[PDB]
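Here the chain labels run A, B, C, D, E, F, G, H, I, J, K, L, M, N, O, P, Q and R in written order, and each chain numbers its own residues starting at 1.
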Amino acid sequence: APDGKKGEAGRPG
Amino acid sequence: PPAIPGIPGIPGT
Amino acid sequence: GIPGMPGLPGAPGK
Amino acid sequence: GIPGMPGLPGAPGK
Amino acid sequence: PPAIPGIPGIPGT
Amino acid sequence: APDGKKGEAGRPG
Amino acid sequence: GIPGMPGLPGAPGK
Amino acid sequence: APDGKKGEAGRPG
Amino acid sequence: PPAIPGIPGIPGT
Amino acid sequence: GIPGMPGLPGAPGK
Amino acid sequence: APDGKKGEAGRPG
Amino acid sequence: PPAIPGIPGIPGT
Amino acid sequence: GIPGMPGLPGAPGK
Amino acid sequence: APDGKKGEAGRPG
Amino acid sequence: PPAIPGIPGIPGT
Amino acid sequence: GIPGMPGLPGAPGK
Amino acid sequence: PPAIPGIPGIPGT
Amino acid sequence: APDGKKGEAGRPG
């Protein structure tokens, strides 16, 4: 069961 | 066992 | 066996 | 059994 | 029972 | 039945 | 029975 | 037949 | 009766 | 019979 | 054979 | 006759 | 016979 | 074998 | 011969 | 034999 | 051996 | 097993 990658959150500024 | 997709990330503060 | 998709990354702030 | 996809998050205002 | 995809979110006010 | 995640709405400003 | 995908929302003007 | 959701148009400004 | 995907929305005027 | 996906709309100029 | 919708081009400015 | 996906649109001039 | 998906166009510079 | 379309690169400025 | 998806384009210089 | 999807490119900084 | 999808790239520093 | 392409990271500025 090859499962997907989880995305990154954006950065502050 | 078929695979599950990943969750998309959020915009940052 | 079918494989899964991956997610997208969020956008930066301001 | 095939699994489902997830949604995207909206964009911030101005 | 095959799965249902999720709804995309809206742009903010 | 693994169902998908619902997206977030955008923020105000 | 395979289910369908949903659409994306457009971008605001300027 | 679970059918998909239609997207919203953008707003004017 | 397999399902049909939804149409994406347009950018606003 | 499997159905197809639709396309995205381009971004406006400047 | 339910076929997909073609996208719109962007506008000038 | 399985279906064919649509072409994405271009950014405007 | 299952068909394939198409790609997205890049964003312009500044 | 109906194969997909390749995307365009962005423009300079 | 099942079909192959296309490559996404790059951001411009 | 089902084929896979490709990824998206990130956005430039500021 | 069914195929695996690719990972999306990150926003730059 | 035709596998997908990996995306590029963004550029600095």
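By definition in this document, a contact is a pair of C-beta atoms (placed from the backbone, for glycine too) under 8 Å apart; a residue touches a chain by one contact, two chains touch by 3 or more.
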| item | value |
| --- | --- |
| Minimum number of chain-to-chain contact steps, chain K to chain O | 3 |
| Chain pair with the higher count of C-beta pairs in contact (Q-R, C-D) | Q-R |
| Gap in Å, rounded to a whole number, between the CA centres of chain O and chain A | 21 |
| Geometric centre distance via CA averages, chain H-chain D, whole Å | 13 |
| Mean-CA-position distance for chain Q and chain M (Å) | 14 |
| Chain G: positions in contact with at least two other chains | 1-13 |
| Multi-partner residues of chain E (at least 2 other chains) | 1-13 |
| Junction residues of chain R - those touching two or more other chains | 1-13 |
| Complex contact set, residues of chain O against chain R | 4-5, 7-8, 10-11 |
| Contact footprint of chain L on chain M as seen in their complex | 1-9, 11-12 |
| Complex contacts: residues of chain A adjacent to chain Q | 2, 4-5, 7-8, 10-11 |
